[PDB]
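J.: Pasting a structure below so you can have a look.
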Amino acid sequence: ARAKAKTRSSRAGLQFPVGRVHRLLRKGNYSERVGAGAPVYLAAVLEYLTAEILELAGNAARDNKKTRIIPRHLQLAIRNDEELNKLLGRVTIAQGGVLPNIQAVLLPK
Amino acid sequence: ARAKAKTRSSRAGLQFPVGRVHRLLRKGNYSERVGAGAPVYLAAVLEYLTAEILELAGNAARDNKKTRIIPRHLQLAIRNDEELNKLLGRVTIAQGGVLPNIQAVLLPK
Amino acid sequence: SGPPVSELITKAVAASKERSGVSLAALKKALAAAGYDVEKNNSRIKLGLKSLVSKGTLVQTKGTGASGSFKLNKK
Amino acid sequence: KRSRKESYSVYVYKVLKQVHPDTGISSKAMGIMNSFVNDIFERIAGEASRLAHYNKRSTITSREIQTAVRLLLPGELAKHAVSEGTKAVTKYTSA
Amino acid sequence: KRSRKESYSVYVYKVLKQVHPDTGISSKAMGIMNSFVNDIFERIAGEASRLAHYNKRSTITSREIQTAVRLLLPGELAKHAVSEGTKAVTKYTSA
Amino acid sequence: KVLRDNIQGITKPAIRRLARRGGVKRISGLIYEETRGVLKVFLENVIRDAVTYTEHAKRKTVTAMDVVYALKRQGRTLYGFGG
Amino acid sequence: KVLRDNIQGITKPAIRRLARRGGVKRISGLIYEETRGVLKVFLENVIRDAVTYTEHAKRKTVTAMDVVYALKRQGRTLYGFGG
Amino acid sequence: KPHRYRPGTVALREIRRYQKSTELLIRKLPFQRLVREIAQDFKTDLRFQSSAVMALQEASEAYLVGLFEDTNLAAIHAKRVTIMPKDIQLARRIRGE
Amino acid sequence: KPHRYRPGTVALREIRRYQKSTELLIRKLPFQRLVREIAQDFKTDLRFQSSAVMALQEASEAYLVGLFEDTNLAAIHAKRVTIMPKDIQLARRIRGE
DNA sequence: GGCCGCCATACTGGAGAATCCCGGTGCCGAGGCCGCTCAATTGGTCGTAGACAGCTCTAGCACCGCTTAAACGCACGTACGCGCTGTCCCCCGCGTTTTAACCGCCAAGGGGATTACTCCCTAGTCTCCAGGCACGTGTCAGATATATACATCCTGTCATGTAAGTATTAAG
DNA sequence: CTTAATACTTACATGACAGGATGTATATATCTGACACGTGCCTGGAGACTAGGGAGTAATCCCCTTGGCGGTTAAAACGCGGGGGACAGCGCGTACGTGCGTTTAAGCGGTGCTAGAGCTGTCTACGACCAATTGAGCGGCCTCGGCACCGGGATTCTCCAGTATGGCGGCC
């Protein structure tokens, strides 16, 4: 007489796997127990951040008239947001390129 | 009734508490199971490191004609060892001061 | 139009006659005090301040070319 | 066949279609996003472990995770992530 | 009525009197010792936890700590550190 | 009770003393207020972290252990304070 | 079998192009050997950690995930090869 | 005449003295007032362990010591003895601030 | 007379191009030879995945991006536009190594 | 000295090419479809973790009172940053030549990984003893104070390297 | 006689050498409190045994790395030139560096408060463990059109040649 087993991501109405995140925290050895709202809240934060960065990636790709995300778009999206730049200052992107960044003394008169 | 117990620090013949380091490893959330040679190995490493830095501090204190260590001696001992500086480049020391260091252009003539 | 800047520069250097000579800085600020342009004509002053050292009415004291000090000739 | 190697492809794919139904994504960008989600996951996990250490807590709860967010994540995106995380844990609390 | 607070006092005292029997101790220098012991212990323990994760080993043995010494401790000291560690595990197995 | 202009409480000669400890020979007049702003931003970040530690602990008094944790999470680890 | 000089295989025009990506327009004659030296020392700082991982893994084949760990240890966190 | 040292003599003497010295270089009471001031701007009536205030004091002092030696490295790299704000801005931005 | 660009014009065009570009600037196989060379200088006859070699390549290229950006900032602060190894040493010291 | 002409350099319009912008075209990652599996789940359950409550007691907070340290401000003074050319210097632009990198194509096996096996190895726990911290104290090393000695740095002083007028005398 | 060239005496700065004086280091008396040493205890470390699991070890295979072969031209590399850079020289307006008295508020010494920091009993919320079950997500495949690669015209870059203006140069 077992009821229908739904998913905690759908119970939060979210897309990241709450079960996988709670599993990885239980086996990642960061605490003995994990609070009930902790993986849901963590997954919500991660999904919200992923949502902004994917929106920025799609906007940058559309601005670059391309319909598929390339790592160039990801670097241009991350480095042009100040708070994400402070998040990912020391983070290396594979094949992302660099910002177009020239100093004013480097440009001619 | 019972065998008379020696500390595992005494079994190693080392001064650092093997039991205390072992329990701080097991309760520090690094692994649920810990191999036997790990805390004695780490404790020997720590005791040797403190032995070296205490030797350096003692010689520095005898240089300044002071019988007792001061954190000025600690600052002089850390900052004048290359590999210890590599260990503690980003570490701030309370009441330590800095090295006597004047740049060559700052000196007269 | 007006007179050429050679007369202006000679007046600027003859205004003071310090024992240590007028810098290019002090003389261009002196010419700006007169009202003569020193910003776009700095190439003209640039060539002039070596043409006059070469021509011998003025001699260069301590600097080289147009740098440093300048003083009047002996006679 | 081989053993299944779990990754974050399908969830990133769904969130991308939520924010952009029209566009595609490359597998290299997919791996970069997997590195992003794993990196921030481990950062927040280590920070919450440190807070559980400092508070001597056997359990990391959503208070700990919120604390780790507001420590790590800068400013207005952090307070937003608080807002959607709070809304999410409320509507998950109401099943 | 008070509660005990643990520190690394007597061990560093023993080690100093071994290397310098006539040298005294200031208390805030001893605080720097306790904080240094805690700092380096946490660094090596976190590195051992990460290596245990990366090799998928749920048990941290002396090999993990040896790797951590080879990583964090630079060179000459690390070589000496391996020397007392090998001699210590040998004499511990012999005892 | 309200505190208004204590950024000038860190005096200019105190900045000169620190620059002597930093080994600075000549200190411009613009150095002091820029220094005040830089330390303001730095200590604002530090106190943000350490307070966040404090209300996460459900405490009201700022303790030195929280100061140590906040400093070391910015890569500025301090010894001698129960860490 | 042995190799003796492949640091010069990292060619001068490659360094030129990298500084074009780095935004440097004029690259002194002394730059190239300085870059070779610093890339040299940094690459032992990387590969020492990576190999130490590898015989800690008891392997003989070097994986990229070892490079990822060695870089994130040195604060050089990599996106694009995890897992 | 009264004796008077040249510019730099007293400066270098203070430099060697404060490199020799280990005490705090900040007046403690206005520093405590300032940290209370700044922390009041986040949450009200906030209280401080005084030892934590002195800990913030030497942490601030040593952080500025590191910033100032980096600043002096920039200034001597700019061939100067007088430090100027672009030195500190360069140090912050290269260091990652 | 052939049309010839002023000094830096091709250099700044290359700057715009390679900042626009995302590809690697190092030849993969001599780089692989150097990796194997220094590997056998630590432990003889290691085997290397090719992806690890390109990962080392792109990590080195990212480091070079960072250190010439810091070096360019230093050289501008050093009132120069031709960078020098003194700038690289200064940036290396400021970064803490 | 005035007046008048001549060229250097800043403006100012013209031409060739590197790359962007438009098509065009085949193709191979994208993503969609399909089989698989393991992974999330769900509920009992069972032990347990932290919020709550109450207290308590102590160290920061507030208030106060001398007391000069230090800030402050003013003021002389020397040195600092750097602006601009000058002058040596040097590294990109261009172009060509060579050579091995790249491609792409093929052989072969090393160990990465996977499964199996059996063996170490260590956390836990009741209990037992033993050291290290809590706490108190007590006593000489260094802080502090007082009288000397060099440092040292500015100041005071003298010899020396260097620039210049006309006597004088020799030649027109 | 007139005139002119030089050398010698006369004028200017510069660096070389001695000395004090006060700040800073050097030698001697005090005291104190904090290092340091001695004591209660109870938490902490652990011996024995066990449960049970991770993990070392064999093997094999296959595929993914290593080894080799032919052809291109991408890349390296070498060198001439040219125009930019780097950095010193020197001066100058300045800009703190530093001497010094005041003020005052930090510093130092003294008093009362309670906020709250933290110890202790409760217990009720909490969240992991386990048998089973599934369904969504992952291994594999397979098409296709957005993109990879290719080709032609503009834009734009960008240098390069022809003009006012202004400084530079000459005569009567």
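Ordering of the structure tokens sets the chain letters (A, B, ...), residue numbers begin anew at 1 in every chain, and ligands are numbered from 1 in the order given.
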Using only C-alpha atoms (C1' of nucleotides), find which residues of chain J lie within 12 Å of chain I and jot them down as a VMD selection string.
T.: chain J and resid 15 to 19 82 90 to 95 100 to 102 110 to 112
J.: Give me, as a VMD selection string, all polymer residues having an atom no more than 12 Å from region 38-54 of chain J, counting only C-alpha atoms (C1' of nucleotides) and skipping those fewer than 2 positions away in the same chain.
T.: (chain A and resid 1 to 9 17 to 23 32 to 35) or (chain D and resid 3 to 6 55 to 61) or (chain F and resid 58) or (chain J and resid 36 56) or (chain K and resid 119 to 138)
J.: Give me the residues near residue 4 (chain K) as a list in words, where near means some atom within 12 Å (using only C-alpha atoms (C1' of nucleotides)) and where sequence neighbours in that chain fewer than 5 positions away do not count.
T.: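 Residues near the query, excluding close chain neighbours: residues 166, 167, 168, 169, 170, 171 and 172 of chain J.
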J.: Write out as JSON lines a residue-level contact list of chain A versus chain E with cut-off 10 Å: for each qualifying residue the closest pair of atoms and the distance in Å to one decimal, counting only C-alpha atoms, rows sorted by chain and residue number upward.
T.:
```
{"residue": "A:27", "atom": "CA", "partner": "E:53", "partner_atom": "CA", "distance": 9.7}
{"residue": "A:28", "atom": "CA", "partner": "E:53", "partner_atom": "CA", "distance": 7.9}
{"residue": "A:29", "atom": "CA", "partner": "E:49", "partner_atom": "CA", "distance": 8.7}
```
J.: Now that the selection is made, can you save its residues with C-alpha atoms as a PDB file, in the first residue's frame?
T.:
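Here's the written file again-v9.pdb:
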```
ATOM      1  CA  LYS A  27      28.947  11.244   1.874  1.00  0.00           C
ATOM      2  CA  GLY A  28      31.094  14.364   1.459  1.00  0.00           C
ATOM      3  CA  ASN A  29      31.751  14.350   5.234  1.00  0.00           C
TER       4      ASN A  29
END
```
J.: Which residues in chain G does DSSP call strand (DSSP E or B)? List them as a VMD selection string.
T.: chain G and resid 26 to 27 61 to 62 77 to 79
J.: Which residues of chain K come within 9 Å of chain G, and what is each one's closest atom pair and distance in Å (one decimal), counting only C-alpha atoms (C1' of nucleotides), sorted by chain and residue number, as a Markdown table?
T.:
```
| residue | atom | partner | partner_atom | distance |
| --- | --- | --- | --- | --- |
| K:65 | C1' | G:61 | CA | 8.8 |
| K:75 | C1' | G:13 | CA | 8.9 |
| K:76 | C1' | G:11 | CA | 7.6 |
```
J.: Please, could you write that set of residues out with C-alpha atoms (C1' of nucleotides) as a short mmCIF file (atom, residue, chain, number, x, y, z; two decimals), in the first residue's frame?
T.:
```cif
data_model
loop_
_atom_site.label_atom_id
_atom_site.label_comp_id
_atom_site.auth_asym_id
_atom_site.auth_seq_id
_atom_site.Cartn_x
_atom_site.Cartn_y
_atom_site.Cartn_z
"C1'" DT K 65 48.23 5.48 -24.89
"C1'" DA K 75 55.40 27.63 -37.51
"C1'" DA K 76 59.80 28.77 -36.38
#
```
J.: Identify, on the basis of only C-alpha atoms (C1' of nucleotides), every residue whose closest approach to residue 38 (chain F) does not exceed 10 Å; exclude the query and any residue fewer than 3 positions from it along the same chain; express the result as a tab-separated table (two decimals) with C-alpha atoms, in the first residue's frame.
T.:
```
chain	number	residue	atom	x	y	z
F	32	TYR	CA	45.95	59.24	4.61
F	33	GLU	CA	42.34	59.58	3.44
F	34	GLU	CA	42.76	56.88	0.79
F	35	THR	CA	44.21	54.69	3.53
F	41	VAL	CA	36.30	48.77	3.19
F	42	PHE	CA	38.60	46.04	4.55
F	43	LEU	CA	37.34	46.19	8.13
F	44	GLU	CA	33.76	46.49	6.84
H	64	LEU	CA	48.31	48.00	6.20
H	67	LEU	CA	49.84	47.05	1.77
H	88	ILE	CA	48.04	51.60	-3.42
H	89	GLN	CA	45.47	51.26	-6.21
H	92	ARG	CA	45.05	46.45	-4.49
H	97	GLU	CA	40.92	43.94	-4.46
```
J.: When all Cα positions are paired in order and chain G is fitted onto chain F, what RMSD is left, to one decimal?
T.: 0.7 Å
J.: Using only C-alpha atoms, find each residue in chain G having at least one atom no more than 7 Å away from chain D; report its shortest atom-to-atom pair and that distance in Å (one decimal), rows by chain then rising number, as a tab-separated table.
T.:
```
residue	atom	partner	partner_atom	distance
G:79	CA	D:32	CA	5.0
G:80	CA	D:32	CA	4.5
G:81	CA	D:31	CA	6.8
G:82	CA	D:35	CA	5.5
```
J.: Applying 10 Å and only C-alpha atoms (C1' of nucleotides), which residues near residue 86 (chain K) remain after dropping the ones on its own chain fewer than 4 positions away? List them as a list in words.
T.: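 Non-adjacent residues within range: residues 79, 80, 81 and 82 of chain I; 88, 89 and 90 of chain J.
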J.: Give me, as CSV, each residue of chain B that comes within 6 Å of chain F, together with its shortest interatomic pair and the distance in Å at one decimal, counting only C-alpha atoms, with rows ordered by chain and rising residue number.
T.:
```
residue,atom,partner,partner_atom,distance
B:90,CA,F:76,CA,5.8
B:91,CA,F:77,CA,4.8
B:92,CA,F:78,CA,4.5
B:93,CA,F:79,CA,5.5
```
J.: Export N, CA, C and O atoms of the chosen residues as a PDB file, in the first residue's frame?
T.:
```pdb
ATOM      1  N   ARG B  90      51.006  33.975   4.374  1.00  0.00           N
ATOM      2  CA  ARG B  90      49.749  34.682   4.574  1.00  0.00           C
ATOM      3  C   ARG B  90      49.300  34.688   6.031  1.00  0.00           C
ATOM      4  O   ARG B  90      48.133  34.984   6.312  1.00  0.00           O
ATOM      5  N   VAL B  91      50.190  34.372   6.959  1.00  0.00           N
ATOM      6  CA  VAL B  91      49.831  34.234   8.364  1.00  0.00           C
ATOM      7  C   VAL B  91      50.271  35.478   9.119  1.00  0.00           C
ATOM      8  O   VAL B  91      51.428  35.907   9.020  1.00  0.00           O
ATOM      9  N   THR B  92      49.343  36.062   9.870  1.00  0.00           N
ATOM     10  CA  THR B  92      49.591  37.255  10.663  1.00  0.00           C
ATOM     11  C   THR B  92      49.912  36.843  12.095  1.00  0.00           C
ATOM     12  O   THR B  92      49.264  35.949  12.648  1.00  0.00           O
ATOM     13  N   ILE B  93      50.917  37.483  12.684  1.00  0.00           N
ATOM     14  CA  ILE B  93      51.407  37.138  14.013  1.00  0.00           C
ATOM     15  C   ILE B  93      51.137  38.308  14.946  1.00  0.00           C
ATOM     16  O   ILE B  93      51.494  39.452  14.639  1.00  0.00           O
TER      17      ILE B  93
END
```
J.: Set the distance at 10 Å and use only C-alpha atoms (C1' of nucleotides): which residues neighbour region 68-85 of chain E once local chain neighbours fewer than 3 positions away are removed? I'd like the list as a PyMOL selection string.
T.: (chain B and resi 37-38+40-49+52+82-84+86-87) or (chain E and resi 40+43-51+62-65+88-91) or (chain G and resi 45+48-50+52-53+70+73)
J.: Quick check, in Å to one decimal: how far apart do CA of residue 10 (chain A) and CA of residue 14 (chain D) lie?
T.: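 Separation of CA of residue 10 (chain A) and CA of residue 14 (chain D): 12.8 Å.
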